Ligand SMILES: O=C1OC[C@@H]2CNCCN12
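Shown next as structure tokens: one chain only, the form solved without the named molecule.
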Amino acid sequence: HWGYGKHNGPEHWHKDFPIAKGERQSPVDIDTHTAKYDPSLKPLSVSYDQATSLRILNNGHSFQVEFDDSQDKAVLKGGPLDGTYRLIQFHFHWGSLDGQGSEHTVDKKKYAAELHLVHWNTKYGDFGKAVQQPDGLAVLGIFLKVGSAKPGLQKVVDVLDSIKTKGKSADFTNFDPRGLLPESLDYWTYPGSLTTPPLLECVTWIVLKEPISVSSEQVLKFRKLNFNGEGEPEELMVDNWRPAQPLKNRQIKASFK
């Protein structure tokens, strides 16, 4: 099975998922001096006031918080998007050390972690259909840097002990994802892919310029999770990030000058 270890990590994925060597793979390095300002780009519209969180799960590759996406409760619109995209879950990627952990890089700089807010395009009716379309998903990427604690993240950090191993889940209601956003919504955007298998090239990536800061104690907690299931030999959940992929025939656009 695929993973992030030496024998089943990102450089092995292409044997089971040949699109790994595809034309619009993610993540990528964002070169700030060659990104193109596009003033036709609209401001992002984030409407999370009615979000309904349900559950948090250790999926063996990360942990994810799931939302009710049965109606237009929490949606993303605007930006480079046409149409409305519903939030279905968020998850993180992080490192073993503070100098690594993000998937995207900015002028080759890595961040300590990267938050992904995953949304799907409601014109396709459900998530499984949306991933088969080039404009099926929109993922909001937010960088984490180590510094001062983020209050809005503590409720997440506090329940990780209850989902330590693969396949564990816990009730996680009334979580407000607005507490995870930076102050500014300026962004870069490019067409790309899911960054874990099946690596489908169905994503409009929206990567926020401004990182959020978390404390060392907060990220430490991330690092105490386990890839393994209960009763199995312990393998700490760290470095669950894919390296930057070739940009190839793509342009990164910026919403800001």
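Position 1 is the first residue in the sequence shown; the rest follow in order.
Missing here is the form deposited with the named molecule bound; even so, the following discussion is about that form.
S.K.: Site superposed, the named molecule placed from its pose in the deposited complex: open or blocked, blocked meaning at least 3 ligand atoms within 2.4 Å of a backbone or C-beta atom?
M.R.: If you fit the named molecule onto this chain using the C-alphas around its site, the pocket comes out open.
S.K.: Closest heavy atom of residue 35 to the named molecule in the deposited complex, within 4.5 Å or not?
M.R.: It does: once the named molecule is placed as it appears in the deposited complex, residue 35 has a heavy atom within 4.5 Å of it.
S.K.: Taking the named molecule in the deposited complex, which residues along 179-218 bring a heavy atom to within 4.5 Å of it?
M.R.: Result: 188 alone.
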